[PDB]
Every structure is written in structure tokens, then in C-alpha cells.
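Visitor: Structure of the sequence below:
(3 chains)
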Amino acid sequence: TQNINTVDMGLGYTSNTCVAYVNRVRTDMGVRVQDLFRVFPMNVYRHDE
Amino acid sequence: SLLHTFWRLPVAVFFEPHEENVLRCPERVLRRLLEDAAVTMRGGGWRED
Amino acid sequence: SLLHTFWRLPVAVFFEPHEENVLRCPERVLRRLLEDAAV
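Guide: Numbers count the residues shown, from 1 in each chain, chains lettered A, B, ... in the order given. Please see the structure below:
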């Protein structure tokens, strides 16, 4: 192991980042709607038919 | 936490099969209703004519 | 008329449709089938 210790050396935000490039998408940008039955697997109706 | 409805198992009192669980028959009424049918289906109507 | 079963206390079931179902018509369907077998 190696215990390292970092202490900040700046009042303002000394390190900037930006969303710059985009390669692909993991999702499909699709419209296949999720089902309410799996996210609530206990609720049913009263009458069995 | 109010009166909601869920999926309970349908409780129904049944009977698992055995070797000596008998279905009793009414003798003096149903066998005597079968008597006239048994004596009237012997004579004639053999499906060979 | 009523049958004689061995296990005197009746059993709760899982109600598997994988097994055989158990004579599940109520008294309305029994009386209606009595009328249909009659007429």
C-alpha cells in the first residue's frame, strides 16, 4: 500500500475540464417504453378475471 | 399505507388424493333410477340392426 | 350423496396449473348445467 496525501494549493478553481468530444452512444436513442409491471411486481387487480 | 390491493395466493381448501377416499353412492334412489335404464337397454337397440 | 374422504382436515394448495385443476365450476354453473342437461 501507499498512503498518499493531497492538500489543495489554490483559492479559486485551479483545474478546469470540459465536455469536448463524443464517440458513440450506448443506448439506442429509441422509444421502446419500459414496463410498469417489473418495476412494481406486486400490484394486481382484485377481480381475478 | 392505505387500503391497497396486492397478489395474495388464492387460498382454497382442497384434498390431496389417497387410496381409501371413497365416493359414496346413493343406493336406494340412484341405483333404482339406474335399474329401469339397465333393464330397458338390454332388450333391443343393439346397433346391429 | 356426499363422498367420504380420508384426510378429515382440508389442505391449502399452491394451485399449480402444472397439476390438474379441481372441478372449479361454482353453484351457478352447476345449476345452469343442470338446466342444460335437462333441456
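
Visitor: Without its sequence neighbours, what residue ends up closest to residue B:26?
Guide: In space, and not counting its chain neighbours, residue B:26 is closest to residue C:1: 5.2 Å by Cβ to Cβ, 6 or more residues apart in numbering or on different chains. Bear in mind the C-beta positions are built from the backbone N, C-alpha and C, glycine included.

Visitor: isn't residue B:23 right up against residue C:3?
Guide: Yes: between residue B:23 and residue C:3 there is a contact under Cβ atoms under 8 Å: 4.4 Å.

Visitor: Next, count neighbours for the residue in chain A that chain C sits nearest to.
Guide: Closest residue of chain A to chain C, Cβ to the nearest Cβ: residue A:48 (11.1 Å). Look at residue A:48: counted by other Cβ atoms under 10 Å in any protein chain shown, it has 6 neighbours.

Visitor: So it lies in a helix, does it not?
Guide: No: counting by DSSP: H, G, I helix; E, B strand; the rest coil, residue A:48 falls outside a helix, being coil.

Visitor: Could you check how far the closest residue to it other than its chain neighbours is from residue A:44?
Guide: With Cβ to Cβ, 6+ apart as the criterion, residue A:48 has its nearest non-adjacent residue at 7.5 Å, and that residue is residue B:10. Distance check for residue B:10 against residue A:44: by Cβ to Cβ, to the nearest Å, it reads 11 Å.

Visitor: So residue B:44 versus residue A:26, what's the distance?
Guide: Distance, residue B:44 to residue A:26, by Cβ to Cβ: 83 Å.

Visitor: When the two are compared, which one has more neighbours?
Guide: Neighbour comparison, residue B:44 and residue A:26: the larger count goes to residue B:44, with 7 against 4 (by other Cβ under 10 Å).

Visitor: what residues are up against the residue in chain B that chain A sits nearest to?
Guide: Across chain B, the shortest distance to chain A (Cβ to the nearest Cβ) belongs to residue B:7, at 4.4 Å. Contact analysis of residue B:7 by Cβ atoms under 8 Å, 6 or more residues apart in numbering or on different chains lists A:42-44.
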